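Just one chain follows, in the form deposited in one PDB entry, and it is written as structure tokens.
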């Protein structure tokens, strides 16, 4: 199962850059932008400049019409970069011209090509003003129409987890962890073996609206509950787990992994989930983990 991560627009490229720098592997990174200079600064293995004839290598100047038109004209390049992917993550900051306009097009192409398509986008800080926000909301609507599952990160949530002195790059790295947990969560679920596979992923995620993808790690007596609570919690997400209609859940531990622990973790997630939840639950024994427990949760709907 091949995973690709596609960053669209300035924010998208920045996320790709920060994540490649902090060493993601066995994932293909693709950078797409109208802005030629941005692309030159990209560490991404595969780069696509869109809308050359529109912008002459400039950005979209906050015009979403441009980003959309640029993406549509480069359909052939975009398809070619995508082909072979089983699952695609399109990441982008909403509110500008390139991301807002081109990211839904990129996402729609991937979904039409048959890839399981996940969007991870940001809404701008309130201080960026009412017009940026409104424009971003249009982006979010378009993304939601184009993806299998969408994950929205309001940039304002970053303000809630920093103090007066927290460096901006650290804050942005926190936001990157949202996409990171999603990507390694899948990669592990598909890795041999959890008695779970990509077919399970597709059942839980295909056409499911919104998604949460989390990983919790813990130890000690309350380890199972603690790991699970970590996995289903993030203050950066617009979407809580309550009412989920689909859950893919895996618990990994050493030989000490008890049946009661698995039940405890599963009950944590099950309480939050809707009565008619489609839950696919897996367990993996990995002696390497010693006293550690790892809980992975993908929730949708």
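Each form is matched to the other, and the largest set of C-alpha atoms that superpose within 1.5 Å is called the rigid core. Residue numbers count along the first chain shown, from 1.
Only in words, not in the display: the form deposited in another entry, which the text now covers.
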query: Sole residue of 49, 42, 234, 63 shifting 2 angstroms or more in CA between this form and the one not shown, core aligned; finding: 234
query: Did residue 181 shift 2 Å or more between this form and the one not shown, C-alpha, core superposed; finding: yes
query: Core superposition between this form and the one not shown, C-alpha change of residue 116 at least 2 Å; finding: no
query: Rigid core fit then residue 247 CA moved by 2 Å or more between this form and the one not shown; finding: yes
query: Direction of the Cα shift between residue 168 and residue 127 in the other entry, where the change is 3 Å or more; finding: closer
query: Comparison of CA distance in the other entry with shown form for residue 238, residue 67, at least 3 Å; finding: farther
